[PDB]
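J.: Chains as they are written, first to last, in the entry's author numbering: chain D, 1 to 242; chain A, 1 to 250; chain L, 1 to 111; chain E, 1 to 233; chain G, 1 to 243; chain C, 1 to 241; chain F, 1 to 244; chain B, 1 to 244; chain J, 1 to 198.
Using N, Cα and C, we set each Cβ at its ideal position, and we do this for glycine too.
Here it is, the structure, as C-alpha cells.
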Amino acid sequence: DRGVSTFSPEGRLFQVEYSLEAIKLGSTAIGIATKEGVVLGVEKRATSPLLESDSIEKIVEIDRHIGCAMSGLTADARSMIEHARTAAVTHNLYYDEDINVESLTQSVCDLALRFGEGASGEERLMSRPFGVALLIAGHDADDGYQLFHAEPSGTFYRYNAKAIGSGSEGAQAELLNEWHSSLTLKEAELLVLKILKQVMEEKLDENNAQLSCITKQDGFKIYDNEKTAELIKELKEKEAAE
Amino acid sequence: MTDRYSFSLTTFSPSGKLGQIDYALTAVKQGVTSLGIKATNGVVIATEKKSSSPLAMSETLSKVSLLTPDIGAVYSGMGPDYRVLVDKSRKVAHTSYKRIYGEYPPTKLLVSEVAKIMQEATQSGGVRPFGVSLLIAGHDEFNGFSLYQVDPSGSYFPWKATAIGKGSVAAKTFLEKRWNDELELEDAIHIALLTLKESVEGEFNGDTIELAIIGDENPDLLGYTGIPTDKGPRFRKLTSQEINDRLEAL
Amino acid sequence: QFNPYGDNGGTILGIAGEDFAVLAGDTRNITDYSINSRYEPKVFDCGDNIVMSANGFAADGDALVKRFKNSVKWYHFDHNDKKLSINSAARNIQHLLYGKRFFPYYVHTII
Amino acid sequence: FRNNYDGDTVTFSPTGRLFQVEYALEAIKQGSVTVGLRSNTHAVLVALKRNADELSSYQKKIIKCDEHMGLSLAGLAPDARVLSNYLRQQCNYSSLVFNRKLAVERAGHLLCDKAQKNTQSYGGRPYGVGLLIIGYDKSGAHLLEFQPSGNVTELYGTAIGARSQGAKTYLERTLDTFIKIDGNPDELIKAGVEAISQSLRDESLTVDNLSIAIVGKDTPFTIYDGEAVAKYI
Amino acid sequence: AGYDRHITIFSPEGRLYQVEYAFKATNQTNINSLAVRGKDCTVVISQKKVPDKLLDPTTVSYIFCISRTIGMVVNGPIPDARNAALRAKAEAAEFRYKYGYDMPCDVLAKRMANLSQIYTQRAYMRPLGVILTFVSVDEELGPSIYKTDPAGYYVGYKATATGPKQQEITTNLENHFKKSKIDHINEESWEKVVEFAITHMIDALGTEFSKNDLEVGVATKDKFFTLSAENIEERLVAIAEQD
Amino acid sequence: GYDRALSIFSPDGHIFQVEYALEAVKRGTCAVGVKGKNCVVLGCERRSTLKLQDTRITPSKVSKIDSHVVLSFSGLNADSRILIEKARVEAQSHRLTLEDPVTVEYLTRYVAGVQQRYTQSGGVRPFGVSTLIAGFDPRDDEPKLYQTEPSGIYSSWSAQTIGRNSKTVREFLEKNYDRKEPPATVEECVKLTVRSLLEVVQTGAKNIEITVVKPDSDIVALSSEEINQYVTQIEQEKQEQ
Amino acid sequence: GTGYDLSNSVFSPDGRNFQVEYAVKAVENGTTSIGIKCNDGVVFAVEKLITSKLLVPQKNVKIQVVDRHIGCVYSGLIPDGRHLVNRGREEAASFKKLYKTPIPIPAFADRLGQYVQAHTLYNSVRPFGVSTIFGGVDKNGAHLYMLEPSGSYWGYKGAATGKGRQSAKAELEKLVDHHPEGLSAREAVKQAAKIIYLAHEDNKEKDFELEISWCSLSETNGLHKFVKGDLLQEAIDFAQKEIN
Amino acid sequence: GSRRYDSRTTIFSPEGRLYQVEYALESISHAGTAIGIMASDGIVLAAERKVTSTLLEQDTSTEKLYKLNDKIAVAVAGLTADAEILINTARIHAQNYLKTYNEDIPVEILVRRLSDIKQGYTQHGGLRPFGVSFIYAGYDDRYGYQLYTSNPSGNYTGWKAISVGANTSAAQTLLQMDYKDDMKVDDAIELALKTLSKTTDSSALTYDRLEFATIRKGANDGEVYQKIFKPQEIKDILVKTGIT
Amino acid sequence: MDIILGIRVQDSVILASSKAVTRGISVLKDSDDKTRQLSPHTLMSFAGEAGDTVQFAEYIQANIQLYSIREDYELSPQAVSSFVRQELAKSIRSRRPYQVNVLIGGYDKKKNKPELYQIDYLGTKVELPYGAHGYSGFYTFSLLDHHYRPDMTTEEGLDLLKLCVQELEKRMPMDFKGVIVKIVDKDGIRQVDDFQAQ
C-alpha cells in the first residue's frame with residue numbers, strides 16, 4: 001500500500017484530499033454573517049420517511065455565543081464538538097471571560113492534522129483525517145459577528161457567507177450575488193431558506209430543513225419548526241411578488 | 001530502532017495452511033536424523049553428529065542436552081534454534097516450577113512449557129517459527145519414563161519410539177517392526193544403534209554418533225553424599241567408548 | 001533537615017482609586033536580622049496595564065511574577081493580541097497558585 | 001525511479017533523492033509569494049495573501065515569534081503554525097533561562113534540526129511549508145530562508161511561493177541599493193513592495209491583500225494589514 | 001513479491017535467504033584469516049590490505065582485543081565488525097562484573113552466537129555480515145578457537161580459516177593434521193606458532209608477504225595481544241632462514 | 001503497539017472498512033423495532049440453517065442494557081457482545097455518578113460513539129454491527145427507538161428494521177405505519193412487528209423472537225406459544241382474501 | 001524477483017545494502033570537502049557554492065566544532081550532517097562528564113561510527129546522506145578520519161569527499177609523496193585552499209566561497225579554530241596564484 | 001518500513017467477512033471430528049484422533065478432550081497448541097471466579113469469556129486468530145447440562161447435539177435424524193459413536209482412534225462426575241454398541 | 001461509631017442501623033439511612049470512616065447491579081458476601097484503605113433461608129445468627145445470647161431488637177437518634193416505618 005501521511009507528487013496530502021471528497025457528498029449547510037447576527041441553515045436529508053427528523057442534529061451549540069453547522073460524515077463531528085465545548089468552557093474557567101470565536105476555531109483546527117501511524121512529530125494518534133467540514137458562527141466583543149469554515153486540512157477561512165455540502169458551488173455562486181454588508185437578520189434568514197430551497201432534491205419544508213442563529217443579545221438558538229414554517233410561508237409570498 | 005513489526009508473520013492462507021509452520025517442518029525434514037526409544041527401565045535418545053569440518057572439535061557441540069537431572073533433549077532442524085530453546089527450557093524448568101515447588105518439573109509439564117514457547121513464535125508479532133522438532137526424554141516419580149515429540153507448531157505427542165528428520169519414514173518403519181512393550185534399556189540402545197546405521201553415510205562410531213539415556217539414578221554423578229533421598233541424575237550421555245563397546249555387539 | 005521556604009520581609013500596599021490604582025512596596029529585602037538589599041524592587045509592571053507584587057518568600061515571588069508575565073505573553077499569541085483585563089488576570093493567577101496547592105508559592109500576592 | 005521510491009521519507013531513490021521531501025518542497029512552490037529583505041538597521045517581510053472566494057477573508061502569512069523575531073510562510077499553513085509555535089518556545093526559553101534574546105542564527109539551526117527529524121524516520125512526513133525569518137539581534141539585522149528539507153540559509157533578500165523568481169531577480173539586481181536603506185523604515189518597505197510586484201502576473205496588490213511586517217534597531221517585530229498598508233500601494 | 005527473501009521468515013524450501021545473503025557479505029573485504037592452537041598459546045593471522053595511499057595503515061585492522069584474555073578477528077565489513085566488537089567487549093565486562101571471573105572464549109562465542117540466532121528469528125533486526133573468530137588461552141580449556149556466523153552457529157576448532165580462499169587454507173591444515181595425528185601445533189613458544197601459521201598461509205595461498213601484508217594476534221595465559229609491524233618482520237626473516 | 005490505519009479514505013472519499021462493515025450487517029439476521037402509543041416492540045429472526053439448537057441457553061438477540069432499555073442488532077454476533085458489555089458498564093456508571101438511569105438517547109449516543117471511534121483509531125476494524133435501541137426514559141411514558149450503524153451515525157425511528165431483506169420489511173412498515181395513528185395496544189404493536197417479519201421469515205412460529213417493553217422497567221420476552229398465537233391469527237385474516 | 005533496494009536493512013543476493021549505496025549517491029552529489037593531517041594538527045576545508053549574490057558572505061558556516069578540540073566537515077545532505085554532529089556533541093559531553101578528560105579522537109570516531117552503522121540495521125530508518133571528515137588533537141597526536149554512510153571509517157593522511165573528490169584525492173596523494181616526513185599546519189592550510197580551488201572545476205558553473213579551519217598543537221594550542229582574516233586571505237592568494 | 005510485510009489479519013472483505021476467520025475455519029474442517037450430545041441425565045463427548053501410528057502412546061495421550069473444571073470439559077478441533085493456550089486461560093478464569101464468589105463458575109460465563117478472548121484477535125492487535133473450535137460440555141445448577149460451541153470468530157451458540165471438525169454437515173444430519181429430547185445418556189453414547197463411525201474417512205473406527213468422555217450425575221452419589229475414558233474403556237463400549 | 005445490628009430469624013434477616021450523623025460537635029442529621037440495597041433480596045448496612053462508607057456501599061451496589069443485568073440473575077447472598085469480602089481484603093493492603101464495616105442480610109431463594117454476614121474492613125467475614133460492628137456488640141450480645149432462638153418469627157426478632165436498642169439507649173454515652181429497621185425475606189426488602197412507636 002502507501003502510508004497515511006504521504007504527499008502526492010503535487011504537494012498535497014492524499015488523505016486530506018480524499019477527505020474533501022467525502023464532504024462533497026454531505027448534506028448542504030449554509031451560513032450568512034450580518035451586523036444583526038449570524039444565520040446557520042442545513043438540509044436534514046432524512047434517508048427514509050420513518051425516521052424522526054428532529055433527531056437529526058446537524059446544528060449544535062458550542063457556548064452561548066458560538067454555534068456550528070456540519071456537513072459530511074457527521075459522526076466524525078462529535079468529538080470535534082466535544083473538544084470545542086471543552087475548549088470554550090475551559091477558557092472561561094481560566095480567564096473569567098468568553099473565548100473569542102477565532103481562537104475557538106483555531107483550537108478545533110489543531111486537531112485536524114493530528115493523524116498518522118506512530119509518526120515523527122509528537123504523540124498524535126488518530127487513524128485518518130476527519131471527514132466533515134464545519135461552519136462555526138459566533139459573536140465576541142473584539143470582532144463582532146463571525147462565520148468560519150473549518151476544514152479537515154486544518155485551515156479555516158472567515159466568510160461573510162458560505163455554503164458547504166453537495167449543493168455548494170451552486171449555492172456559493174448564489175451567495176456571491178445576494179450577500180451585501182447591510183443585510184438584516186430577517187433577510188439572511190430568508191436568503192438561507194431560499195438557497196436550500198433551490199439546491200435540495202426534496203421540497204423544502206420545516207421538517208427537512210433547520211435554521212438557527214447567534215446574536216449578542218439572546219445567544220445561539222435553534223429555531224423550532226413553527227418559527228421556521230412561518231419564515232418559509234413569508235418567503236413563498238415574497239417570491240410570488242414578481 | 002524499536003520493533004515496529006507487531007503483526008503476525010504466520011497467518012492463514014485460503015486453504016487453511018499456516019505457511020510458516022509448514023516451511024519450518026520442511027527445514028526439519030532436511031535435518032539430520034534423530035530418534036527416541038522407550039524401554040521398560042529407561043529411554044534412549046540418539047542422533048548423528050554431522051560435523052561441518054574435520055577441523056572442528058565435534059565434542060564442543062552437543063546435540064543431546066540435559067534439561068533437568070532426569071530430562072534430556074535432542075532435535076532435528078536448525079541447531080542455533082535448538083540451542084536457544086535449550087537455554088529457555090532450562091530456565092523455565094526453574095522459574096515456572098523449581099522455584100515454586102522445590103522439585104523439577106515432570107517431563108510432560110516441561111514439554112508443555114517448551115511447546116508454548118514454540119506456539120507463541122507462531123502467533124506473536126514479528127517472529128518466525130522455530131525451525132526444529134524436539135524429542136524430549138525423561139523420568140519422574142509419578143509418570144515413569146516418557147518420550148515426547150514437539151514440532152514447530154507447538155504440538156507435542158507422546159511416543160513409544162520415533163524418528164524425526166532426514167530419514168524418518170524408514171526409521172519409523174524400522175522401529176514399528178522392532179518395538180515391543182518388554183524391551184530393556186540395553187535392547188533399546190541396541191535398536192537405536194541399528195536404526196541409526198541406516199541413516200548414516202560415513203563413519204559410524206562413538207565419535208560420530210551421539211547418544212544419551214534416561215535410566216537409573218547415578219549417585220556417582222551427584223557430587224555430594226549424606227542426603228539419602230538424593231540419588232542423583234537419571235540422565236546420562238554415553239561416552240565414545242560406551243558407544244563403541246556396543247558396536248561389537250552390533 | 002532542609003527547609004524549602006524562607007522569609008524575605010517586605011510589606012506591600014494596594015489602593016483602588018475611582019479611576020486610578022496604586023500598588024506600593026518597600027525596597028528592603030531581609031534574612032533574619034540582616035539586610036540583603038536596601039533596594040530590590042518587588043512591585044512589577046507586567047504589561048497590559050497590570051502591576052503585581054508577590055510578597056513573602058522572594059524566590060517564590062519571582063517565580064510567580066515571571067510565570068504571570070509569561071502568561072500575558074502567551075495570551076497575546078493565542079488570542080490575537082487581545083488585552084488581558086484585570087479580572088481575567090486575577091482568574092489566571094488563581095490557577096497559577098492553585099496549581100501548586102500541595103507545594104504552595106509562599107507569598108501574599110496583590111495585583 | 002520515482003514510482004517505487006516516493007512512498008515514505010525513509011527511502012532513498014537510486015540517484016540518492018528523497019521524493020517525499022521534494023513533494024513537500026512542491027507545496028511551497030504553489031503557495032502565495034512572499035518576500036524578505038533587510039538593510040543594516042531593519043528587516044522587512046512582505047507577503048501576498050490569498051483569499052478563497054470574494055466572500056472569504058485573506059489567509060494570514062506573517063506570524064510573530066518574539067519581540068525581535070518573526071516570519072512568513074508559503075505552503076501548508078498548519079505546518080507554519082507548528083514550526084513558529086516551536087520557535088516561539090525556543091525564544092521564550094532563552095529569555096526565561098538565560099535572560100537572553102535568541103540569536104536569529106540559532107533559531108535557524110533549531111528549525112533545521114526539527115525539520116530534519118521528520119525526513120529520516122518511519123511514519124513521519126516532512127513539513128510542507130517554507131519560511132522566511134527576520135529578526136534583529138545582538139549582531140544586527142537578519143533574514144533566513146527555511147526549506148522543509150531542513151536547509152536554512154542566511155541572505156540579504158529572497159522570495160518563496162509561486163512566481164517568486166521575479167522578486168528574486170529584482171532583489172538580486174537591487175542588492176547594493178536596498179542594503180543601504182539604513183534608518184529609513186518606509187523606504188525599505190517600499191523596496192520590498194517593489195520586489196513583490198515582480199511576482200504578480202496575476203493581478204494587483206490591494207489593501208486587504210497586502211501584508212507587511214518589520215523589525216529592526218529600535219523597532220519591535222510588528223505587522224501591518226489593511227488601511228495600515230494603504231500608504232505603500 | 002518475494003517477501004520471504006527480504007526478512008528472516010522461511011522460504012517454502014525452509015530456507016532463510018537473508019541469512020545466506022549475510023554469509024556472502026562476509027567476503028566483501030577479500031581478506032583471509034586463519035587460527036591455530038599451540039601447546040599453550042593461540043594464534044590468529046589475518047591478511048592486511050591497504051589499497052589507498054591516503055589511508056593511515058595503523059588504523060586498518062580486523063583484529064580486536066575483546067578482554068585481557070580474549071581476542072577476535074572478524075571476516076566482514078568493518079562497520080558490522082565494530083558493532084560486534086563493541087558488544088562482545090560489553091558482554092565480557094558485564095560477565096566479569098556479574099559472576100566474578102573472566103568470560104571464557106567459548107561462552108563469549110555462545111553469547112554472540114545467541115545474539116545472532118535472534119536476528120535470524122525477529123524480523124526487525126538484520127543479521128550482521130560477519131564471521132567472528134574468538135581466541136584465548138582459557139583457564140579451564142587451554143588454547144581455544146570458537147567461530148560464530150550469521151546463522152547463529154558456532155563450534156570449537158583445532159585450527160580454522162575464513163574468507164574467499166578459505167578452502168585452500170582449510171585443506172592445507174587438514175593435511176597437516178592428518179599427518180601429525182594430534183589436535184594442536186607442537187611448539188613451546190608462541191613465536192614458532194606464529195611462524196607455522198604464516199608458513200602454512202604462504203603454502204596454501206601461494207604468496208609471499210611483507211611485514212605490512214599481515215596482522216597478527218596471539219593469546220597466551222592471561223594475555224591476548226597483537227604484533228607490531230616490526231614484531232612481524234622478525235618473524236618473516238626467521239621463516240626465510242633455513243627454508 | 002499495533003496501530004496500522006485500517007479505516008482510511010480512498011480516492012472517491014469512501015471508507016471501505018466501514019462500508020464493508022455494513023456488508024456484514026446486510027448479511028445478518030433481520031431485526032425490527034416498532035413503537036406504539038405506550039410501548040416499543042423488538043422483533044428478531046432466528047436462522048433455519050440448523051435447528052438442533054438449545055434455545056434455553058443460546059444467547060438471545062435482544063439484550064437488556066438496564067431494566068428500562070434494550071438493544072438488538074444485526075451483524076457479527078461476537079462484535080455485538082463488546083458493545084453490549086460497554087453499554088451495560090456505562091448504564092451502571094451513569095446511575096452511580098448522576099443518580100438517575102440513562103435516557104434511551106444517552107445510551108444510544110454512547111454506543112454510537114464507541115462505534116465511531118473504532119473507525120478512526122489505529123489497529124482496529126469497525127464493528128460489523130448495527131443496533132436498535134429501545135425503551136423508556138426514567139419517569140417518562142413516551143416510547144423511544146433508536147438505530148446505530150458501524151459509522152457511528154444514530155437517529156430515532158417510528159419503526160425500523162436492519163439486516164438481511166430489511167428493504168422488504170422496511171417497504172412494509174413505510175406503507176403500514178401511520179404516524180398520526182400509532183398502534184394503540186401492546187397487542188396491535190406486536191401484531192405489526194410479527195406481520196413485518198412474516199414478510200421475510202417464511203413459516204416462523206419458533207423462528208421469531210419478540211420482546212415487549214413498556215414504561216417503568218417492564219420488559220418481557222414473548223414465549224413460542226404467545227408468538228405462535230399471533231402468527232395463527234395473521235394467517236386466518238389473510239384467508240378471507 | 002527483486003526489489004532488494006526498497007528497504008533499508010535488506011541484503012541483496014550478493015550481500016549489499018542498496019539503500020546505503022544510494023545514500024552514497026547523495027554524498028557524491030554534494031560540495032567537495034577535505035581534510036589534511038599535518039605533523040601537529042589537522043586542517044579542514046570546504047567549497048560553499050554561491051547560488052546567488054543574495055547569500056550573505058561568511059555567514060552560512062559549514063564546518064562544525066565538537067567539544068573544544070574536534071572539527072567536522074561533511075558533503076551531502078547538510079541537515080543529516082548537523083544531526084550527526086548533534087549526536088557527536090552529546091557523545092563527547094557524556095564521555096567528558098564520566099571520565100573528566102576530553103574525548104580522544106579515536107574514541108570519538110567510533111561513537112559516530114556506531115551511530116551511523118545503527119542507521120543501517122533497521123528499515124524504520126534511513127542511512128545518513130553524508131560522508132564526514134573530522135578529527136583534531138588529543139593526548140597523543142593529531143588524527144584525521146572519514147566516515148561513509150555505511151558507518152565505515154578509517155584514519156587518513158588526507159581525505160576528500162563530494163562532487164570534486166577525484167581531483168582532491170589526486171592532489172592529496174601528490175602531497176603525501178612530495179613531503180614524506182610531514183607538512184606543517186601553515187603549509188597544510190595553504191595546501192588546503194589550493195586543493196579546494198582545483199576541486200572547483202567540476203562545479204565550474206557557479207561561484208564559491210572557501211572555508212577553512214584547523215586544530216594544531218603549536219598554532220591553536222590543540223583547540224579547533226576557524227581560519228579568519230589575514231590567514232584566510234593569504235591562503236586564498238596562494239590558491240589563486242597557483243591556479244595558473 | 002514494516003508496513004509492507006503486514007498481512008492485515010483484522011480486516012473485512014468487500015462481502016463483509018473476516019478473511020482470517022474464514023481461513024481458520026477452513027483449517028478446522030480438516031480436523032478430527034468431535035461430537036457432543038446432551039441428554040436429560042448427562043452429556044457425551046466423543047472425538048476422532050486424526051492420524052495415529054502404532055508407536056503413539058495412547059495411554060499418555062490427549063489431543064482432543066481437556067478438563068476445564070471438575071464440571072466443565074471441552075472437545076477440540078483445530079490446532080492443538082492454540083487450544084492449549086486458550087484452555088489454560090479458561091482454567092485460570094474458572095478459578096478466579098471460584099475465588100471471588102465461592103461458587104463454581106456457571107458454564108455460560110466461562111464460555112462467553114473464552115469467546116471474547118477469541119473475538120479480540122479478530123478486531124485489534126494484528127495477530128492471526130486462534131485456529132480452534134470448541135465444544136463445551138458442562139453442568140451448573142442454573143441450567144443443568146449444557147452444551148456449547150465456539151469457533152475462531154468468537155461466536156458461540158448452545159446445542160442439544162453438535163459436531164465440529166471434519167464432515168460436520170454429514171454428522172449434523174445424522175444427529176438431527178436420530179436425536180430425541182428424552183434421550184438418556186446411554187443412548188447418546190451409542191448415537192455419538194454410530195455417527196462418528198458413519199462419517200469417518202478411516203477404513204473403520206477402532207479404539208486407538210478415539211477419545212471419549214461423559215459428564216454424568218455419577219449414578220451413585222447425588223452429584224456430578226467427569227469420566228475421561230481410558231483406552232480399554234473405549235474398546236469395551238465400541239463392542240457394547242456393536243461396532244466391535 | 002454508628003450502630004449496626006443484624007439478626008437472622010426463621011424466615012428473614014433484620015438489620016437495624018442508627019440514624020445520627022455527627023461531624024465533631026454537632027449532629028448534622030437524625031434520619032440518615034446507613035444501608036444500600038444490592039439486589040432485590042440482598043441488603044447491606046455500613047459504618048466506619050466518613051466518605052468511604054457510602055463510596056464503598058455504592059461501589060458494591062454498582063457491581064452487583066452490573067452482574068444482575070449481565071447474567072439476568074440474582075447472585076446468592078453467600079456469593080455477594082464473598083465478592084464484598086474480597087473487595088475489603090484488597091482494600092486493606094492498598095494506598096488508602098476503605099475503613100468500612102458491613103453487615104450483609106440476604107434471603108437465599110434457591111435455599112429458602114435467610115443469611116446474615118458480618119465483614120469488617122480487614123475483610124474478616126463470618127456468617128452468624130446475629131452480629132454488630134464496633135461497640136454495639138458489647139451492649140447487646142448478652143441479651144441476644146439469652147433470648148435468641150433459630151425458630152423465632154419476624155415479630156419475636158423485632159421485640160428482641162427493641163430490647164437491644166433499649167439497652168443501648170441506657171448505657172451508651174452517645175445519642176444515636178434511634179434506628180431504621182429493615183427486613184429481608186422471600187418477598188424482598190421492606191422498611192418498618194414504625195420503630196419510634198412500635
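Taking a cut of 9 angstroms between CB atoms, which residues from the segment 105-129 of chain A lie near chain B?
T.: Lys108, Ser112, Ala115, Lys116, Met118, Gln119, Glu120, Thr122, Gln123, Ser124, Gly125, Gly126
J.: Start and end of the beta strand (DSSP E) containing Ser168 (chain D)?
T.: Against the first sequence, residue 168 (chain D) aligns to sequence position 168. No beta strand (DSSP E) holds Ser168 (chain D); the alpha helix (DSSP H) holding it covers 168-178.
J.: Is it buried or exposed for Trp154 (chain F), if we count other Cβ within 10 angstroms and need 16 for buried?
T.: As a first step, residue 154 (chain F) must be located in the seventh sequence, where it is residue number 154. Classification of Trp154 (chain F): buried, given that the 10 Å Cβ count is 16 or more.
J.: Suppose contacts are defined by Cβ-Cβ distances below 9 angstroms. Is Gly71 (chain G) in contact with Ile63 (chain G) by that definition?
T.: Translated into the one-based positions of the fifth sequence, residue 71 (chain G) becomes position 71. Translated into the one-based positions of the fifth sequence, residue 63 (chain G) becomes position 63. Yes.
J.: Can you give me the C-alpha to C-alpha distance between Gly16 (chain E) and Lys25 (chain F), rounded to a whole angstrom?
T.: Here residue 16 (chain E) corresponds to residue number 16 of the fourth sequence, with the count starting at 1. Here residue 25 (chain F) corresponds to residue number 25 of the seventh sequence, with the count starting at 1. Rounded to the nearest angstrom, the two C-alpha atoms are 5 angstroms apart.
J.: Bridge partners of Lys221 (chain D), per DSSP?
T.: Here residue 221 (chain D) refers to the residue found at position 221 when the first sequence is read from its first residue. According to DSSP, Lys221 (chain D) bridges with D:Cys213.
J.: What residue range does the beta strand (DSSP E) around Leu48 (chain E) cover?
T.: As a working mapping, residue 48 (chain E) is identified with position 48 in the fourth sequence. That run of the beta strand (DSSP E) goes 42-48.
J.: Could you tell me which whole beta strand (DSSP E) segments of length 3 or greater appear in the segment 38-104 of chain D?
T.: 59-63, 66-72
J.: Using the Cβ count rule (16 or more neighbours within 10 Å means buried), how would you classify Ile87 (chain B)?
T.: As a position in the eighth sequence, residue 87 (chain B) is number 87, starting the count at 1. Buried is the call here.
J.: Taking Cβ positions only, does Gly152 (chain C) come closer than 9 angstroms to chain B?
T.: Here residue 152 (chain C) refers to the residue found at position 152 when the sixth sequence is read from its first residue. False, the Cβ-Cβ gap to chain B never drops below 9 angstroms.
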